[PDB]
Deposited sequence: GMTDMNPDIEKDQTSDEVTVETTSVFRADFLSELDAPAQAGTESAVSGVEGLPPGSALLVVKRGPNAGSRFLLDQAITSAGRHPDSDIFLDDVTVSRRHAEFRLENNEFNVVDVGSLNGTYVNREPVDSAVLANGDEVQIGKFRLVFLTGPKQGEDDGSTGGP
């Protein structure tokens, strides 16, 4: 069931301390990655987005990745199609190493150090 999009129903090495990495798992942008090293990292189809995700189903203002209490979390800022963490629709969720974030048709894997 995990192989499909959500609508159908300790850590890694080489990352600077206190930082995380989002990797596109599949599709045209497979292999593309984004380093999370700020307190707030915006993700959307708007050109000024920190994590620019060009896809018709991604909202201009879709989500934000927040670094709070030495840990990362994803928050939906009011998108059309929502944000999913491990196939489950969420408003806000704390991220652990290996978690899958779905923004539009993008299947991102969240990676962090131990």
Check: deposited residues absent from the model (no CA) fall at 1 to 26, 36 to 46, 152 to 163
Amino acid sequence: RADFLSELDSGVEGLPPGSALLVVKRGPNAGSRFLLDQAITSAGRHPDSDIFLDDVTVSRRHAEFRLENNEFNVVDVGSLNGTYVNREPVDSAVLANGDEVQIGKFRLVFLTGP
From here on, numbers count along this sequence of modelled residues.
When mean C-alpha B-factors in the record are compared for 10 to 18 and 97 to 105, the larger belongs to 10 to 18
Ranked by mean Cα B-factor in the entry, 51 to 59 and 66 to 74, top stretch is 66 to 74
Assert third(CA B-factor, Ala39) within chain per record equals highest
